[PDB]
Amino acid sequence: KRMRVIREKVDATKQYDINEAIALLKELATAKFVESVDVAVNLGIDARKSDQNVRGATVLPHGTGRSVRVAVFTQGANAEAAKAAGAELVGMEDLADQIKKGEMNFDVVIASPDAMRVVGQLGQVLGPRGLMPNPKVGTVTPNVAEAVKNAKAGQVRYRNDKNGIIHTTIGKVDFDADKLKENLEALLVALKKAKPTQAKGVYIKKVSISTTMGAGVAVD
Amino acid sequence: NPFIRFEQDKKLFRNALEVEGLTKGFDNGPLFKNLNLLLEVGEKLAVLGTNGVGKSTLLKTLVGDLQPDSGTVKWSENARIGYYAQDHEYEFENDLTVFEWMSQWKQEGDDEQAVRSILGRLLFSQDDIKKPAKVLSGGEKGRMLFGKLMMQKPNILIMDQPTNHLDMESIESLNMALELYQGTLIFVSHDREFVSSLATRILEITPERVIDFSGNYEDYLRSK
Amino acid sequence: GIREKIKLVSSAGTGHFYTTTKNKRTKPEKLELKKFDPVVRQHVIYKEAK
Amino acid sequence: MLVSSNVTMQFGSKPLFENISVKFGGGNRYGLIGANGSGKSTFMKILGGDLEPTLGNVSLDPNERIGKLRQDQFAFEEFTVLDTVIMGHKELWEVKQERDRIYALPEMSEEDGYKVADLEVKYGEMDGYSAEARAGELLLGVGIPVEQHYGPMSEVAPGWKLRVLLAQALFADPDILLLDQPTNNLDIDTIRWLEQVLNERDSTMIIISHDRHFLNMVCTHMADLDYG
RNA sequence: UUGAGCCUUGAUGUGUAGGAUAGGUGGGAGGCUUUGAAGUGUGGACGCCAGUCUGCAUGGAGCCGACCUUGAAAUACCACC
Ligand SMILES: Nc1ncnc2c1ncn2[C@@H]1O[C@H](COP(=O)(O)OP(=O)(O)OP(=O)(O)O)[C@@H](O)[C@H]1O
Ligand SMILES: Nc1ncnc2c1ncn2[C@@H]1O[C@H](COP(=O)(O)OP(=O)(O)OP(=O)(O)O)[C@@H](O)[C@H]1O
Ligand code: NA
Ligand code: NA
């Protein structure tokens, strides 16, 4: 019904405007859910090359809309500082072999360079899903107190697929339209700032905000 | 075309092989059960079969390296066995040179000449023999082991898989060299023309019965 | 004749080379001599090149 | 969509092939033939880029993948069958060895802190998390049974050892320098099998075998290296 | 008649281990269904041959999802390729 009626109503041949796209995105209201709407930007890079990859984290002014269960696998003083940041884990392997063995998973991974234990504890289970924080992405950092607050602040993470297109959470329908636009501008600027140096050609080609349960509309 | 020929030293007269029951298997069903065998001074005995059925493990335990649960293989009174293993890499080690490596293999010939000629007969120039014997490649590794049996003069020969890296001209020379050879050799080859033209007494290996003898190998396939 | 030309390029990083002749048929390996490099004014190793 | 270039090599007196100038590209498979002890193996060993020639004509194409089966078919009696196939991806293997020094290291350093993260993020970027499984399906696809997947290569028949070594080469590469002299695998059955695999695969491959008949069914061009 | 490029749509893509011929990125666990269903018979096409598949009314309104071995989740869903 909706999936066969949203097709004719909204046409993909024409490219829309930013202000209209947020309005049509909330216009649907067909599926009653949290509806964390999102955007997939066709980055222009050659993902076949290891030097053109884009992989980083940035913070949005309004947040992700959900608090990730950021366990802190940093043994030592990081655990003491990270205990007041709202983390559901301590710095040790206890939450990775017995806690993390039969347990399902956390939300985010806070890494401490002083402990090379959770690196192999996750292995093909906690790392095979990519939940391991990259050392250059701030997931594993020299400190643990500063990252914990920023992690709860909405430090979204974004990576290319095999083709080189990036899509990561920007907000929910519950957020007002003006908030989403600033959230979109936060991603694009940091994405454009972190765009690599061996990137021939036009970088951003397609930007299309999409509904979690609905459709997606081109923006520029 | 390298010129190789094998000549005997004592030439046993009655027979060479004597196998009662082999029953050798490494970690699965044994590759052969009894394999009663006799050679009778000739009978170039082309062992055959698809790869992975254990023709190389038969020859390895036929020469006495791998101990079988058999009852000995009972070589002849004055057998001089020459071995050309399927894999030949332990010989080409310890960074001996081409001239050095060839030299130790001899019994009565002189060290300077009569080994340069044998080594140089199979296409080894003057400057080619002053380089390490481990840096050789492919056919030259094989060609050394043909020269190895030149001076050794092995009365009884094996030649596990001789025509492996040879360049379609050494194969014609090797095929001609074994053709006029007097004596016994027990080789296992995978191609058809080398086995067909060269004298043969077939012993094919398939699970479980080891078929023995059909004549020319132009009749072994003709019987099919 | 059979003796061809080579150049011993310095190892001190600067571009300096002594040019000589070397027979390759007898010896196919490189040449290593400690010579004088006027650019840095020191005795350094000169590995064969070209 | 790229091609290769020219080289020149010499291991002593009387240099070997003296200013070769050729190009390999397209889909056609250049069957490379030659007499014993003359270029061939070491000519395309240079082409692989692991060792450089003397005259140094150079032949570069550093963007796409090269998979190379070699002549030393017994060069690994130790590595388990799954490890040899995985090692066909050069970047994955070298990364893992320096990564695998985690359980063998009883003490970690400060600089090791982000180093282990730097190697792990490279592991996930080229998805080494499926290399054992990705090879296993391919390894099973070339005829090797499951029960010998984890066994050592010392206890694998040399005829079977080529089926593993060809699976190592086939690792999604649009060219292969095949040193495959089908020496051990001459069952005709296995020979006929290898003729189908290469024929129905589109690559700018090179074959070196001495088998006159085998070169008929597969190769389209010949690159004889005989005189100089 | 036949090659080459481009747009549009639809189809399309396992062994290891299962309820199943699951492409990748993970946003999410509630959508779907009667702008006619579960199952029923009826035909293409494809098919490491079990099946995907969609013209078809009747039958008429329950199926899916989470879980489960797995390196990985699931045509439950939509989008960017
Ligand atoms: N040391 C060993 N341990 C376990 N299994 C072995 C061992 N040596 C051989 N085998 C197995 O027993 C059989 C004997 O094979 P072998 O290595 O003797 O060569 P082959 O069967 O004659 O092969 P080809 O014709 O390819 O040379 C094979 O199935 C092999 O996998
Ligand atoms: N490291 C080396 N340095 C100098 N010359 C060498 C070196 N290795 C080999 N050679 C010379 O190059 C020749 C060619 O060796 P190569 O490995 O190319 O064999 P090939 O001609 O391909 O033989 P086959 O067909 O039997 O495989 C050798 O016979 C030897 O004389
Ligand atoms: Na064998
Ligand atoms: Na070679």
# chains A, B, ... in the order shown; residues from 1 in each chain; ligands from 1
>>> residues_near_ligand(ligand="ligand 2", cutoff="6 Å", atoms="only C-alpha atoms (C1' of nucleotides) and all ligand atoms", output="PyMOL selection string")
(chain B and resi 135-140+165) or (chain D and resi 11-12+36-42)
>>> residues_near_ligand(ligand="ligand 1", cutoff="10 Å", atoms="only C-alpha atoms (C1' of nucleotides) and all ligand atoms", output="ChimeraX atom specification")
/B:24-31,47-61,66,86-87,160-161,188-190,205 /D:148,151-162,183-187
>>> closest_atom_pairs(of="chain D", to="ligand 4", cutoff="12 Å", atoms="only C-alpha atoms and all ligand atoms", output="CSV")
residue,atom,partner,partner_atom_place_in_ligand_line,distance
D:32,CA,ligand 4,1 (Na),11.6
D:33,CA,ligand 4,1 (Na),11.0
D:34,CA,ligand 4,1 (Na),10.3
D:35,CA,ligand 4,1 (Na),10.4
D:36,CA,ligand 4,1 (Na),8.2
D:37,CA,ligand 4,1 (Na),7.7
D:38,CA,ligand 4,1 (Na),8.8
D:39,CA,ligand 4,1 (Na),8.1
D:40,CA,ligand 4,1 (Na),6.6
D:41,CA,ligand 4,1 (Na),4.0
D:42,CA,ligand 4,1 (Na),6.8
D:43,CA,ligand 4,1 (Na),9.4
D:44,CA,ligand 4,1 (Na),9.8
D:45,CA,ligand 4,1 (Na),9.3
D:69,CA,ligand 4,1 (Na),11.1
D:70,CA,ligand 4,1 (Na),7.9
D:71,CA,ligand 4,1 (Na),5.9
D:72,CA,ligand 4,1 (Na),8.6
D:73,CA,ligand 4,1 (Na),11.2
D:178,CA,ligand 4,1 (Na),10.8
D:179,CA,ligand 4,1 (Na),7.2
D:180,CA,ligand 4,1 (Na),9.5
D:181,CA,ligand 4,1 (Na),9.0
D:207,CA,ligand 4,1 (Na),11.9
D:208,CA,ligand 4,1 (Na),8.8
D:209,CA,ligand 4,1 (Na),9.8
D:210,CA,ligand 4,1 (Na),10.9
>>> write_last_selection(atoms="N, CA and C atoms", output="mmCIF file, in the first residue's frame")
data_model
loop_
_atom_site.group_PDB
_atom_site.id
_atom_site.type_symbol
_atom_site.label_atom_id
_atom_site.label_comp_id
_atom_site.auth_asym_id
_atom_site.auth_seq_id
_atom_site.Cartn_x
_atom_site.Cartn_y
_atom_site.Cartn_z
ATOM 1 N N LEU D 32 53.655 -18.602 -22.354
ATOM 2 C CA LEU D 32 55.089 -18.344 -22.382
ATOM 3 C C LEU D 32 55.830 -19.673 -22.375
ATOM 4 N N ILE D 33 56.629 -19.916 -23.414
ATOM 5 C CA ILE D 33 57.359 -21.166 -23.562
ATOM 6 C C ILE D 33 58.834 -20.855 -23.772
ATOM 7 N N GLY D 34 59.666 -21.849 -23.498
ATOM 8 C CA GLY D 34 61.097 -21.689 -23.665
ATOM 9 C C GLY D 34 61.822 -22.941 -23.225
ATOM 10 N N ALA D 35 63.062 -23.056 -23.690
ATOM 11 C CA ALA D 35 63.887 -24.201 -23.350
ATOM 12 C C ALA D 35 64.271 -24.161 -21.873
ATOM 13 N N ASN D 36 64.784 -25.286 -21.386
ATOM 14 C CA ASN D 36 65.175 -25.385 -19.988
ATOM 15 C C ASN D 36 66.340 -24.452 -19.687
ATOM 16 N N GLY D 37 66.292 -23.820 -18.519
ATOM 17 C CA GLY D 37 67.357 -22.935 -18.095
ATOM 18 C C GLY D 37 67.526 -21.706 -18.964
ATOM 19 N N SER D 38 66.421 -21.037 -19.299
ATOM 20 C CA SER D 38 66.483 -19.834 -20.128
ATOM 21 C C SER D 38 65.248 -18.988 -19.835
ATOM 22 N N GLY D 39 65.430 -17.928 -19.049
ATOM 23 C CA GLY D 39 64.362 -16.986 -18.767
ATOM 24 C C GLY D 39 63.121 -17.622 -18.176
ATOM 25 N N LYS D 40 61.968 -17.373 -18.799
ATOM 26 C CA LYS D 40 60.710 -17.995 -18.401
ATOM 27 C C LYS D 40 60.378 -17.721 -16.941
ATOM 28 N N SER D 41 60.749 -18.654 -16.060
ATOM 29 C CA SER D 41 60.403 -18.536 -14.646
ATOM 30 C C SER D 41 60.890 -17.219 -14.062
ATOM 31 N N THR D 42 62.149 -16.873 -14.310
ATOM 32 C CA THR D 42 62.696 -15.643 -13.758
ATOM 33 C C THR D 42 62.320 -14.409 -14.565
ATOM 34 N N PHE D 43 61.835 -14.575 -15.797
ATOM 35 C CA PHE D 43 61.381 -13.419 -16.560
ATOM 36 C C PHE D 43 60.111 -12.838 -15.959
ATOM 37 N N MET D 44 59.122 -13.688 -15.690
ATOM 38 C CA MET D 44 57.879 -13.224 -15.094
ATOM 39 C C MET D 44 57.957 -13.115 -13.579
ATOM 40 N N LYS D 45 58.978 -13.702 -12.952
ATOM 41 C CA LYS D 45 59.250 -13.373 -11.559
ATOM 42 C C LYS D 45 59.571 -11.894 -11.425
ATOM 43 N N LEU D 69 51.230 -18.272 -8.901
ATOM 44 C CA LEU D 69 51.647 -19.626 -8.579
ATOM 45 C C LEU D 69 53.074 -19.819 -9.067
ATOM 46 N N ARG D 70 53.901 -20.451 -8.242
ATOM 47 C CA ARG D 70 55.320 -20.608 -8.533
ATOM 48 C C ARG D 70 55.655 -22.081 -8.742
ATOM 49 N N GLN D 71 56.943 -22.348 -8.958
ATOM 50 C CA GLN D 71 57.417 -23.692 -9.258
ATOM 51 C C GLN D 71 57.735 -24.496 -8.007
ATOM 52 N N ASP D 72 58.130 -23.833 -6.920
ATOM 53 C CA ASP D 72 58.443 -24.516 -5.667
ATOM 54 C C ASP D 72 57.132 -24.967 -5.031
ATOM 55 N N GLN D 73 56.634 -26.108 -5.506
ATOM 56 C CA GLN D 73 55.361 -26.644 -5.045
ATOM 57 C C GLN D 73 55.437 -27.244 -3.649
ATOM 58 N N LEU D 178 51.071 -17.590 -14.066
ATOM 59 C CA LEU D 178 51.005 -19.002 -13.711
ATOM 60 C C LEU D 178 52.298 -19.693 -14.118
ATOM 61 N N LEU D 179 53.109 -20.055 -13.127
ATOM 62 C CA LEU D 179 54.246 -20.946 -13.310
ATOM 63 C C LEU D 179 53.816 -22.400 -13.353
ATOM 64 N N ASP D 180 52.528 -22.630 -13.604
ATOM 65 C CA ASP D 180 51.947 -23.956 -13.488
ATOM 66 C C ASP D 180 52.452 -24.866 -14.592
ATOM 67 N N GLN D 181 53.517 -25.588 -14.304
ATOM 68 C CA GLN D 181 53.797 -26.792 -15.060
ATOM 69 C C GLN D 181 52.988 -27.887 -14.383
ATOM 70 N N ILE D 207 50.654 -18.277 -18.914
ATOM 71 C CA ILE D 207 50.888 -19.684 -18.608
ATOM 72 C C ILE D 207 52.246 -20.080 -19.168
ATOM 73 N N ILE D 208 52.953 -20.949 -18.447
ATOM 74 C CA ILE D 208 54.352 -21.246 -18.726
ATOM 75 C C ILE D 208 54.610 -22.718 -19.015
ATOM 76 N N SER D 209 53.592 -23.571 -18.947
ATOM 77 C CA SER D 209 53.800 -25.012 -18.961
ATOM 78 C C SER D 209 54.459 -25.485 -20.255
ATOM 79 N N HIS D 210 55.106 -26.648 -20.163
ATOM 80 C CA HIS D 210 55.748 -27.302 -21.296
ATOM 81 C C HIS D 210 54.822 -28.247 -22.047
#
>>> interface_residues(of="chain D", to="chain C", cutoff="10 Å", atoms="only C-alpha atoms", output="list in words")
residues 10, 11, 12, 13, 14, 15, 54, 55 and 56 of chain D
>>> write_last_selection(atoms="N, CA and C atoms", output="compact mmCIF listing (two decimals), in the first residue's frame")
# COMPACT_ATOMS: atom_id res chain seq x y z
N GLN D 10 70.03 -10.41 -16.02
CA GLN D 10 71.28 -11.15 -16.21
C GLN D 10 71.78 -11.65 -14.87
N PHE D 11 72.02 -12.96 -14.76
CA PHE D 11 72.60 -13.57 -13.56
C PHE D 11 74.06 -13.95 -13.77
N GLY D 12 74.82 -13.13 -14.49
CA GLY D 12 76.24 -13.39 -14.64
C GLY D 12 76.77 -13.17 -16.04
N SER D 13 77.42 -14.20 -16.59
CA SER D 13 77.97 -14.11 -17.93
C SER D 13 76.88 -14.31 -18.97
N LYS D 14 76.99 -13.59 -20.09
CA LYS D 14 76.08 -13.73 -21.23
C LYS D 14 74.64 -13.45 -20.81
N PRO D 15 74.27 -12.16 -20.62
CA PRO D 15 72.91 -11.81 -20.19
C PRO D 15 71.79 -12.53 -20.95
N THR D 54 68.37 -6.04 -13.80
CA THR D 54 69.65 -5.34 -13.79
C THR D 54 69.62 -4.09 -14.65
N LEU D 55 69.35 -4.25 -15.95
CA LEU D 55 69.26 -3.09 -16.83
C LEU D 55 68.10 -2.18 -16.43
N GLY D 56 67.09 -2.73 -15.76
CA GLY D 56 66.05 -1.93 -15.17
C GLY D 56 65.18 -1.16 -16.14
>>> interface_residues(of="chain E", to="chain A", cutoff="6 Å", atoms="only C-alpha atoms (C1' of nucleotides)", output="PDB file with N, CA, C and O atoms (P, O5', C5', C4', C3', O3' and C1' of nucleotides), in the first residue's frame")
ATOM      1  P     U E  25      28.815  -5.449   5.900  1.00  0.00           P
ATOM      2  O5'   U E  25      29.123  -4.212   6.849  1.00  0.00           O
ATOM      3  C5'   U E  25      28.136  -3.222   7.088  1.00  0.00           C
ATOM      4  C4'   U E  25      28.350  -2.009   6.220  1.00  0.00           C
ATOM      5  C3'   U E  25      27.586  -0.765   6.636  1.00  0.00           C
ATOM      6  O3'   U E  25      28.212  -0.057   7.692  1.00  0.00           O
ATOM      7  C1'   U E  25      27.321  -1.105   4.317  1.00  0.00           C
ATOM      8  P     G E  27      23.836   2.695  12.484  1.00  0.00           P
ATOM      9  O5'   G E  27      22.448   3.439  12.706  1.00  0.00           O
ATOM     10  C5'   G E  27      21.828   4.160  11.653  1.00  0.00           C
ATOM     11  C4'   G E  27      20.329   4.127  11.789  1.00  0.00           C
ATOM     12  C3'   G E  27      19.794   3.156  12.830  1.00  0.00           C
ATOM     13  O3'   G E  27      19.785   3.723  14.130  1.00  0.00           O
ATOM     14  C1'   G E  27      18.600   2.897  10.798  1.00  0.00           C
ATOM     15  P     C E  78      10.855  -2.276   0.749  1.00  0.00           P
ATOM     16  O5'   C E  78      11.311  -0.901   0.089  1.00  0.00           O
ATOM     17  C5'   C E  78      10.535   0.276   0.257  1.00  0.00           C
ATOM     18  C4'   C E  78      11.197   1.239   1.210  1.00  0.00           C
ATOM     19  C3'   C E  78      12.525   1.818   0.756  1.00  0.00           C
ATOM     20  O3'   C E  78      12.359   2.928  -0.106  1.00  0.00           O
ATOM     21  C1'   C E  78      12.669   1.119   3.021  1.00  0.00           C
ATOM     22  P     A E  79      12.265   2.720  -1.694  1.00  0.00           P
ATOM     23  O5'   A E  79      13.110   3.933  -2.285  1.00  0.00           O
ATOM     24  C5'   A E  79      14.529   3.903  -2.281  1.00  0.00           C
ATOM     25  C4'   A E  79      15.099   4.592  -1.067  1.00  0.00           C
ATOM     26  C3'   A E  79      16.578   4.932  -1.131  1.00  0.00           C
ATOM     27  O3'   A E  79      16.833   6.130  -1.841  1.00  0.00           O
ATOM     28  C1'   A E  79      16.096   3.906   0.942  1.00  0.00           C
ATOM     29  P     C E  80      17.388   6.080  -3.347  1.00  0.00           P
ATOM     30  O5'   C E  80      18.969   6.036  -3.175  1.00  0.00           O
ATOM     31  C5'   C E  80      19.685   7.157  -2.676  1.00  0.00           C
ATOM     32  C4'   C E  80      21.136   6.817  -2.449  1.00  0.00           C
ATOM     33  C3'   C E  80      21.766   5.904  -3.488  1.00  0.00           C
ATOM     34  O3'   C E  80      22.182   6.602  -4.649  1.00  0.00           O
ATOM     35  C1'   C E  80      22.331   5.151  -1.314  1.00  0.00           C
TER      36        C E  80
END
